[PDB]
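S.K.: So that we are looking at the same thing, I have put the structure below in structure tokens.
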Amino acid sequence: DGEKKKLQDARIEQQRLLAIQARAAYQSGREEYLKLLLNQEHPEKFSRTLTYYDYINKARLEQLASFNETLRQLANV
Amino acid sequence: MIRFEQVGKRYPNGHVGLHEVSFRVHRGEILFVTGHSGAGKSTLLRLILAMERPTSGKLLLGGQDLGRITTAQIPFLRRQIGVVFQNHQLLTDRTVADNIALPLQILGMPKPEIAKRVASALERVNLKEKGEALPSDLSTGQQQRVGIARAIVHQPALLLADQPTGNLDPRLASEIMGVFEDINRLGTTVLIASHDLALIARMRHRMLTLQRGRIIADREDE
Amino acid sequence: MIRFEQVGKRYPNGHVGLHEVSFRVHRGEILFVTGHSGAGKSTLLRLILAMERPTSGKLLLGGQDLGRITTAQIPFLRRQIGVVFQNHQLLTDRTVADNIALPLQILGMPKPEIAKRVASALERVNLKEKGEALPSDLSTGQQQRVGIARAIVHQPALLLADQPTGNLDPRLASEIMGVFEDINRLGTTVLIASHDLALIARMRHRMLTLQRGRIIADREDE
Amino acid sequence: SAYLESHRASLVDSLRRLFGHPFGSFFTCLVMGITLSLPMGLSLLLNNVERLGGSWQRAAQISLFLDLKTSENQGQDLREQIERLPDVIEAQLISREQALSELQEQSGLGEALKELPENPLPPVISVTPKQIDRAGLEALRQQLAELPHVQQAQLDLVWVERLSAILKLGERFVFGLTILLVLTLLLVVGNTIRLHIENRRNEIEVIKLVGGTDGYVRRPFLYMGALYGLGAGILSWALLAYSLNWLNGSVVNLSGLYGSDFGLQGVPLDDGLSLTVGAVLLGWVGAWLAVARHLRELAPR
Amino acid sequence: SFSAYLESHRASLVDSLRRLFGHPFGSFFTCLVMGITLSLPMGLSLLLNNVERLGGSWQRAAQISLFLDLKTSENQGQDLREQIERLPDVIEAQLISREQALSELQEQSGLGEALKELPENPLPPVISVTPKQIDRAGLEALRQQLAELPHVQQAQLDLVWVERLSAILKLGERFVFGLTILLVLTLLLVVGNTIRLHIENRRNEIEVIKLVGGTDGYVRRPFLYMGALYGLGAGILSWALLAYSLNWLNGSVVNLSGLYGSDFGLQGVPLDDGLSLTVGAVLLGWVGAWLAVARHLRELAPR
Ligand SMILES: Nc1ncnc2c1ncn2[C@@H]1O[C@H](COP(=O)(O)OP(=O)(O)OP(=O)(O)O)[C@@H](O)[C@H]1O
Ligand SMILES: Nc1ncnc2c1ncn2[C@@H]1O[C@H](COP(=O)(O)OP(=O)(O)OP(=O)(O)O)[C@@H](O)[C@H]1O
Ligand SMILES: [Mg+2]
Ligand SMILES: [Mg+2]
């Protein structure tokens, strides 16, 4: 019915959102540790960013699990 | 008295400086030991001063033996000997009054009578107008004059020296010889060695002679 | 060529040793000077050396004057004159062979005649027993006649020396002053200073007498 | 009571000998001073840089994380718990909201939770042990990962063994340049003091043959060798004041740009007095060893 | 003559070695002092020449990153790689691709089981260029010409300490310039005091060879070889301590570089610099002996 368009538009925006996130993960995931002890930043910063990139990646798995599980019931004719 | 028994010194270089000697020194006795050029009487004076090893034999000076004696105690014996040696022991670039005063700072005697005593010695040796100067500011006879001034001060019990006025004229030296029996008239022992024989023939005294380190070359002329 | 005229060394201290000296010494003559303790003659022989300036008068030594002497011209004059002096010192902790041979490297001679000139001059010294030893190994009498034998070697044109027989026997003195006419048989100058009037009244001596810088006290006495 | 006049006579002769050719003795005063500024000048430099340690040569950080349910009183409970360990530096707790803010400004997006309606980010803690010696490598990381409520902790490029390799190179270079300079100091002084007194060797043997003692002959030379230490302790104090203020013209560029009030202390009076009396007692021992060789060289027996 | 000049040099040479063998405690004592002072300025200069070989770690921070858009093409990536290297104030420009950007996250904890949902890799390739110099303030003006490229997504610098790397560098260059002035001038004083005091020692032998003759070269000749052989003894005793020190500290640097994935350590010492070190010690004792004797010969000048 009309519920099949309301999941595919949510699918393509989170594909855009994961593309921006993985691009933003490539910014603060490439800094070396000689940039630490330096630039007025505490060493817990620039080291917990990549482990926070784990946390945003794992949290969207259950969102992608919930979107994919309701698509299979919606595909029944 | 000083008993002078058998002693003989062998140097480690291989030469025997003296073979045998034995003398007899009484209290207040005067000696005039003089031999030939090989006679080691100035070495014997170095044996008297006990800064040389006795090697063989035995040497006796006073109530203490000369041998197996500690190094820390022997300059106390050297303080009461007015040693005059032919190489001239004076401190360069100092005042001349300190050169007399070399035993005077040792014995602990007061300061305002130091200047009286150093003024006292200089007419006895007949040396005026040379006070408060360097030892380089003197004549060649005058370091011998302040050298014998270093011996006559404090009236030492044992006076040991060799050959005064060896370069100085015998006109002045007859008074310089004439001082020495006045020191000997007091209760002092003078063992002066005078290498010359012509001037000493007038004085009646005891003469000894050594030849090639032997005990007696010529008999006593007492 | 050695004539003194109106010269005298003033001292900066309160005493000046010499007042006035003016004398001429003929070539090939044996000279003797004498005086008392206040008389100045060691400065008179040092004036011929002139390691300090006379600061008065004009003095002559051959073609080149002693007054206004330069550093670049002095050691040619010093190397041709052999002078020994009474304050006896030598190269400590070496042999006595090269101590005699000290000016021979300065003038420059080959090796096989260095050693034979040592032994040829040492026979009159009576030091055949000690030819190669330390200066401290020698006697106090022996080390002056080593320095006398230093003046004998390589035959200097001008000789000054010092007061000899400082520690030598009166018997063995007669052989060393017998050497000084043998080395003055050719054209040299001999200026032995002596004080014993008994041994210097034998043959022809000029016999200059000094008292407190007064040169004119005795005649030629020939 | 003859000791007091003998000591005063030896001191006035030492100053009179020092005025004799004063250009030579002042030349020896400068050599004794400038080499003395090496192990004391480097001593204050290691006594200066321990005031700032958080932003220089120590930034050890471990990413120990909490569960999703976290209360802030439990975080400050664990902050004093890790302070019981002898090798830690800092112990602070970060919260849920401002940890979300700092990741957003780092990415520059600010759209972290506009999509998911619930918040999944755990409020975690900050364990920052910069005061470690770091030599235990990641085995120290494994011992500090032993928590019942921790989940996952990472350490890229292993980085405590790398912090060990920095600190092992730091300590061995300091101890390498400590022992070398003090053997440079103790041999330059010991050679120079001994080789003044080998000159004028005739003066010792004059008083020795007429008598004397070890106490009288030591007296003019004990005061001579100690006064060069007194001459060194003033001039080494002077050049240390000049070099520290010359370096002060460039440390204020780093201090103002970082943002701090960091001044360098120069010539303290407690250390300046101890620098002078260190050199004076150095000259006494070196002269005492020098005169004992001169007794043995011409011993009579 | 020339024959007398060579025999004067040879006899003064063999007397110096006989003097050197005499007093074996004292001759070895001043030899170590002559070496241990010299080991500091040449030793620290050998350290500074070895640290500057390691230049990749110092030129690793302040690397500029540029982000492409979603569409990826590698042929403009190599074009921008060679264009930055043509411009100055660079060392080398390197670019890793999306597959390299995919691969480097896979050993990491991020991007786990995410490419089954991703239709394509969205991570753009990046450039990473470090400037070869950090110069003075005003190096922030390179930002407007890196935005000149048609594909700029992020230019996320940390703007504060890029200028401040010009503060840490040249602080240490002035710090080592403080010690390379002070250690050289304390080398000239220790050598200049001991050699001059040797002329002040043994004073009695000069005047006894000056009044009988002699020149200034003959008296200086036993001291010139005395100054030279202690300088020759200085370079040997310097050589053993530097070889012991570089072997002692070589274990720490190979431990750091092996953890860093590099083959870096303390290198050896050259023979050409080894001969240059010893002839410096010979010439310093030779120059210092000439200035030492001029005071004593002027003291007893004929004038
Ligand atoms: N260290 C020594 N080793 C070997 N022999 C020595 C040593 N010291 C001195 N002699 C020897 O001692 C001998 C003579 O000694 P001494 O100096 O006392 O005689 P003298 O006093 O000079 O007699 P005169 O004064 O009339 O000449 C010398 O021939 C010398 O060889
Ligand atoms: N530098 C000086 N300053 C002041 N006076 C001096 C100086 N040198 C020597 N005199 C004095 O001048 C005189 C010089 O005597 P001189 O040097 O010529 O010794 P001399 O002729 O051999 O006498 P003597 O027979 O006693 O040995 C001495 O009396 C001495 O006191
Ligand atoms: Mg004798
Ligand atoms: Mg005289």
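Chains as they are written, first to last, in this note's numbering: chain L, 19 to 95; chain R, 198 to 419; chain Y, 198 to 419; chain W, 30 to 330; chain U, 73 to 375. Even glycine gets a Cβ: it sits at the ideal position worked out from N, Cα and C.
In angstroms with no decimal places, state the Cα-to-Cα distance between residue 334 of chain W and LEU256 of chain W.
M.R.: Shown here, chain W extends from 30 to 330; a query on residue 334 of chain W therefore has no answer.
S.K.: Can you check which of these residues, W:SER43, W:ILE63 and W:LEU283, is closest to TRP233 of chain U by C-alpha distance?
M.R.: Along the fifth sequence, read from residue 1 onward, the residue named residue 233 of chain U stands at position 161. The shortest Cα separation from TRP233 of chain U among W:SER43, W:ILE63 and W:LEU283 belongs to W:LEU283.
S.K.: Got a sec: which bits of the stretch 157-176 of chain W sit with their beta carbon under 7 Å from any beta carbon on chain U, in order along the chain?
M.R.: For the stretch 157-176 of chain W, which is checked against every Cβ of chain U, not one residue is closer than 7 Å.
S.K.: Just the C-alpha distance for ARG325 of chain W and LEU238 of chain W, rounded to the nearest angstrom, thanks.
M.R.: Position 296 of the fourth sequence, counting from 1, holds the residue named residue 325 of chain W. Position 209 of the fourth sequence, counting from 1, holds the residue named residue 238 of chain W. C-alpha separation (whole angstroms): 15 Å.
S.K.: Rounded C-beta distance between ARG411 of chain R and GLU217 of chain R? I'm assuming under 8 Å.
M.R.: Here residue 411 of chain R is taken as the residue at index 214 of the second sequence, counted from 1. Here residue 217 of chain R is taken as the residue at index 20 of the second sequence, counted from 1. Right, the Cβ-Cβ distance comes to about 7 Å (below 8 Å), so this counts as a contact.
S.K.: Determine which residues of the stretch 208-239 of chain W have a Cβ less than 9 Å from any Cβ of chain R, and write them out in chain order.
M.R.: For the stretch 208-239 of chain W, which is checked against every Cβ of chain R, the residues closer than 9 Å are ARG229, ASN231, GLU232, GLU234, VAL235, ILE236, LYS237, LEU238 and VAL239.
S.K.: In whole angstroms, give me the CA-to-CA distance for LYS53 of chain L and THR67 of chain L.
M.R.: Reading the first sequence from its first residue, position 35 is the one you call residue 53 of chain L. Reading the first sequence from its first residue, position 49 is the one you call residue 67 of chain L. In a straight line, the C-alpha of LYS53 of chain L is about 14 Å away from that of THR67 of chain L.
S.K.: Have a look at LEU327 of chain W and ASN284 of chain R and give me their C-alpha separation to the nearest angstrom.
M.R.: Here residue 327 of chain W corresponds to residue number 298 of the fourth sequence, with the count starting at 1. Here residue 284 of chain R corresponds to residue number 87 of the second sequence, with the count starting at 1. When rounded, the distance between both Cα atoms is 17 Å.
S.K.: Beta-carbon within less than 6 Å of residue 185 of chain Y's beta-carbon, same chain only, minus the 5 sequence neighbours each way: which residues are those?
M.R.: Residue 185 of chain Y falls outside the range modelled here, since chain Y spans only 198 to 419, and no answer is possible.
S.K.: Take the Cβ of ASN76 of chain W as the centre, count every other Cβ of all protein chains shown within 10 Å, and call the residue buried at 16 or more, exposed below.
M.R.: By one-based count along the fourth sequence, residue 76 of chain W stands at place 47. Burial call: exposed.
S.K.: Take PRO68 of chain W and list the residues in its own chain whose beta-carbon comes closer than 8 Å to its own, dropping the five residues that flank it on each side.
M.R.: Stepping through the fourth sequence from its first residue, residue 68 of chain W is reached at position 39. Taken in chain order, the residues that qualify are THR207, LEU210, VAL211 and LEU214.
S.K.: Looking at C-beta atoms only, is the number of pairs between the stretch 300-316 of chain Y and the stretch 365-383 of chain Y that lie closer than 8 Å three or more?
M.R.: Flag = no, the stretch 300-316 of chain Y and the stretch 365-383 of chain Y do not touch.
S.K.: Give the secondary structure of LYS282 of chain U by DSSP, where H, G and I count as helix, E and B as strand, and everything else as coil.
M.R.: Here the question's residue 282 of chain U lines up with position 210 in the fifth sequence. It is helical.
S.K.: If you draw a straight line from the C-alpha of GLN203 of chain Y to the C-alpha of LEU256 of chain Y, how long is it?
M.R.: On the third sequence, position 6 is the one that residue 203 of chain Y refers to. On the third sequence, position 59 is the one that residue 256 of chain Y refers to. Each residue's Cα considered, the two are about 8 Å apart.
S.K.: Does the beta carbon of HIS233 of chain R fall short of 8 Å from some heavy atom of ligand 1?
M.R.: Residue 233 of chain R sits at position 36 when you count from the first residue of the second sequence. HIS233 of chain R: yes, Cβ under 8 Å from ligand 1.
S.K.: For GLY312 of chain W versus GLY254 of chain W, is the C-beta distance shorter than 9 Å?
M.R.: As a first step, residue 312 of chain W must be located in the fourth sequence, where it is residue number 283. As a first step, residue 254 of chain W must be located in the fourth sequence, where it is residue number 225. It is a contact, given that the beta carbons lie within the stated cut-off.
S.K.: Could you check whether the Cβ of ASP290 of chain Y sits closer than 8 Å to any heavy atom belonging to ligand 1?
M.R.: As a working note, residue 290 of chain Y is residue 93 in the third sequence. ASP290 of chain Y: no, Cβ never under 8 Å from ligand 1.
S.K.: Check whether the Cβ of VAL60 of chain W lies closer than 9 Å to any Cβ atom in chain U.
M.R.: In the fourth sequence, the residue the question calls residue 60 of chain W occupies position 31. Taking Cβ atoms only, chain U reaches closer than 9 Å to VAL60 of chain W, which makes this a yes.
S.K.: Indicate whether at least one CB of chain R lies closer than 9 Å to the CB of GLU417 of chain Y.
M.R.: Working through the third sequence from its first residue, we reach residue 417 of chain Y at position 220. It does not; no Cβ of chain R falls within 9 Å.
S.K.: With DSSP as the reference, please indicate the residues paired to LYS255 of chain Y in a beta bridge.
M.R.: Residue 255 of chain Y sits at position 58 when you count from the first residue of the third sequence. Y:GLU202, per the DSSP bridge assignment.
S.K.: Count the other CB atoms within 10 Å of the CB of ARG409 of chain Y; is the residue buried (16 or more) or exposed (fewer)?
M.R.: By one-based count along the third sequence, residue 409 of chain Y stands at place 212. Exposed, since its Cβ has fewer than 16 Cβ neighbours within 10 Å.
S.K.: Mind pulling the chain U residues with CB within less than 7 Å of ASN57 of chain L?
M.R.: Numbered from 1 along the first sequence, position 39 holds the residue referred to as residue 57 of chain L. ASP230, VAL232 and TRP233, listed in chain order.
S.K.: Need the endpoints of the beta strand (DSSP E) that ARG221 of chain R sits in, please.
M.R.: Indexing the second sequence from 1 puts residue 221 of chain R at position 24. 218-222 is the extent of the beta strand (DSSP E) around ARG221 of chain R.
S.K.: Ligand 3 and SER391 of chain R: does any heavy atom of the ligand fall closer than 8 Å to the residue's C-beta?
M.R.: On the second sequence, residue 391 of chain R is found 194 positions in, with the first residue counted as 1. Flag unset: Cβ of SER391 of chain R not near ligand 3.
S.K.: For ligand 4, any of its heavy atoms closer than 8 Å to the Cβ of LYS327 of chain R?
M.R.: For the purposes of this step, residue 327 of chain R is taken as residue 130 along the second sequence, with counting starting at 1. Incorrect: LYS327 of chain R has no Cβ contact closer than 8 Å to ligand 4.
S.K.: Please classify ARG292 of chain U as buried or exposed, where buried requires at least 16 neighbouring CB atoms within 10 angstroms.
M.R.: What you label residue 292 of chain U is simply residue 220 of the fifth sequence in a count that begins at 1. Per the 10 Å Cβ criterion, buried.
S.K.: Would you give the residue range spanned by the beta strand (DSSP E) that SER72 of chain W belongs to?
M.R.: Residue 72 of chain W sits at position 43 when you count from the first residue of the fourth sequence. Premise fails: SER72 of chain W lies in the alpha helix (DSSP H), 66-75, not in any beta strand (DSSP E).
S.K.: In chain L, what lies closer than 9 Å to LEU152 of chain U by C-beta?
M.R.: For the purposes of this step, residue 152 of chain U is identified with residue 80 of the fifth sequence, where counting begins at 1. Ordered by position in chain L, no residue passes the 9 Å Cβ test against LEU152 of chain U, which lies about 17 Å from the chain.
S.K.: Taking C-beta pairs closer than 9 Å, name the residues in chain U that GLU87 of chain L reaches, listed in chain order.
M.R.: The residue given as residue 87 of chain L occupies position 69 in the first sequence. Neighbours of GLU87 of chain L on chain U: none; closest Cβ ~13 Å, over 9 Å.
S.K.: Under a three-way DSSP split, which group does residue 421 of chain Y fall into?
M.R.: The structure shown has nothing for residue 421 of chain Y, since chain Y only spans 198 to 419.
S.K.: Going along chain W in order, which residues have a C-beta closer than 8 Å to the C-beta of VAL280 of chain R?
M.R.: As a first step, residue 280 of chain R must be located in the second sequence, where it is residue number 83. Within chain W, the residues near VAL280 of chain R are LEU238 and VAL239.
S.K.: Give me the subset of the stretch 316-338 of chain R whose CB atoms are less than 7 Å from a CB atom of chain Y, sorted by chain position.
M.R.: Against chain Y - using a Cβ distance shorter than 7 Å - the residues of the stretch 316-338 of chain R are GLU326, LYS327, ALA330, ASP334, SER336, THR337 and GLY338.
S.K.: Say whether the stretch 223-241 of chain Y touches the stretch 391-398 of chain Y, bearing in mind that this needs 3 or more beta-carbon pairs closer than 8 Å, one atom from each stretch.
M.R.: With the cut-off at 8 Å, the stretch 223-241 of chain Y and the stretch 391-398 of chain Y touch.
S.K.: Considering only the beta carbon of each residue, do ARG291 of chain Y and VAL322 of chain Y sit closer than 9 Å?
M.R.: One-based indexing of the third sequence puts residue 291 of chain Y at position 94. One-based indexing of the third sequence puts residue 322 of chain Y at position 125. Cβ atoms of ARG291 of chain Y and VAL322 of chain Y: not closer than 9 Å.
S.K.: In the DSSP assignment, find the unbroken alpha helix (DSSP H) run with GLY244 of chain W in it and report its ends.
M.R.: Here residue 244 of chain W refers to the residue found at position 215 when the fourth sequence is read from its first residue. It spans 243-287 - the alpha helix (DSSP H) in which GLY244 of chain W sits, taken as one unbroken run.
S.K.: Measure the alpha-carbon distance for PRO61 of chain L versus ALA89 of chain W and round it to whole angstroms.
M.R.: Locating residue 61 of chain L in the first sequence gives position 43, where the first residue counts as 1. Locating residue 89 of chain W in the fourth sequence gives position 60, where the first residue counts as 1. Taking the straight line from one Cα to the other gives about 7 Å.
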